[PDB]
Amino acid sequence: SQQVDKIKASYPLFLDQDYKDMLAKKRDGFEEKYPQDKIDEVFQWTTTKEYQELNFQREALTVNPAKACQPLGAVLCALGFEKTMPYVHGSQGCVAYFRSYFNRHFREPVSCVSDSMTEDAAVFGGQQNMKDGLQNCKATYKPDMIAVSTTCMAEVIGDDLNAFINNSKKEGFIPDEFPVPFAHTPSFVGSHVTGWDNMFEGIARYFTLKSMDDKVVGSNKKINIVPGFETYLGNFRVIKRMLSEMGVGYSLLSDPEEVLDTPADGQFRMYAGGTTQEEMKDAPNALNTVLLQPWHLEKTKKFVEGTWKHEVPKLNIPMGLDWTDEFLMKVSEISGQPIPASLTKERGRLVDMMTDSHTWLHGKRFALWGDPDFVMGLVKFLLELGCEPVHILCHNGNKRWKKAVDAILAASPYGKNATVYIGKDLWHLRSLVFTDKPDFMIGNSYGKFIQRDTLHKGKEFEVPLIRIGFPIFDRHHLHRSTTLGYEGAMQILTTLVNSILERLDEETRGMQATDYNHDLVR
């Protein structure tokens, strides 16, 4: 039943007695459900260290991964170029999924096409799909560039992207000079960050490999910036911002911040901003290239150094105090621009926030996850804040990255009780926050299910999620945030101290029970 002046949606409608009764009856008559006492017994068993040892013994089963597949990455790389259509050669289901995944995180249109390879194409290859696909995309959507990646169907059957694009050009489906960069992106190798790297290096090769003869390193007097797979608009925004404050000539190569934030003004813009083809062609002429997220830009580093001859600075992701300082100082060294008064003040203001908020942050324990570069930057900033990064999980990390983070941890008293996990997933993490309970989790929205499980054991065992990462689907507009630079460090500091203080307020809100410590001033 509904009362017309207060319509109830699914919650709380199904708590109404007649529905509760109807669901109790469904269960009892037909579901043959395990008795609740057994369900509770098994729940308690899944929280124990005994369960944890068997969980960590898994080698074949993955449960709740904290990574996605290669072509996802390639599409986001491609969207950063001016009037470019991401095109994934393979089967169409994949594209519908990549588009929905990003639609949900950015709450924006995400334009990408497929060339719809079906069963018959497995037996005969996808050449005709490439030929008509490219032709149809060019005429219908009017891209200035089509950037091609692949699905695992196309990867397993071994389609030669190069030959297929070259044959499309030879047979006149697309004009000979129309830009069609490609990258093979097998989903069974690495993860989404590997697909971004592969696509970027493929686009870089396309515009510069055969033109190197006339390029002099330093002649355009700019520094190239390669962002990596980045899903916060504030991160693209802040890098550009600080370099402009310093008067540093730069070229951001792959810039999606305009296509992922168009105005709702009465018309849909399929394409907006982005790195131009002219900037990619002129990129060898830069003084040097800085990789903002180096641990998933390995292929790119080898091409920038080997073909463009830039000596790519050994810089960590510009996250936290020390690594933003290093970033700005290296940019100053390369461009010969002084770090301006504005940035020195912004730095001092972050340090001032750390002195104000240090007593509440000191010794707070965190479990966290995400991509390699984001995670190490978060660990670094947490150590600078005097926090303990007790469980560091990176599903798509590798052995050398783990060696780097363990070195970072070894360098701080606050890294002493921390362990880095690579290859582990969120069901592995669930056990760790039960057996060695942290104070908070810093992660993406899949973390909500771990908070739900810890609350079921009891409120004193609940570990709150602090949403920083990708994907964040259950909150609106956090993709506009910043995690890089002093700006991003300021935002993270504020979110951490305030998450701690909201949890303290909740714990001290009980009248005559715990509210003696419900302070007006903290």
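The first residue of the sequence shown is number 1, and the count goes up from there.
- In this crystal structure, the stretch out of 15-23 and 498-506 whose C-alpha atoms carry the higher mean B factor is 15-23.
- Relative to one another, 72-80 and 115-123 have unequal mean CA B-factors, and 115-123 is the one with the higher figure.
- In the deposited coordinates, the residue among 99, 403, 424, 192 with the greatest CA B-factor is 403.
- When the C-alpha B-factors of 107, 364, 222, 358 are read from the PDB record, the largest value belongs to 222.
- Sort the chain's modelled residues by C-alpha temperature factor and residue 397 lands in the middle third, per the entry.
- When the CA B factors of the chain's modelled residues are split into thirds, the value for residue 49 lands in the highest one.
- Sort the modelled residues of the chain by CA B factor and residue 88 lands in the lowest third.
- Among the modelled residues of the chain, residue 437 sits in the lowest third by CA temperature factor in this PDB entry.
- For residue 168, the recorded CA B-factor ranks within the highest third of the chain. Only modelled residues enter the ranking.
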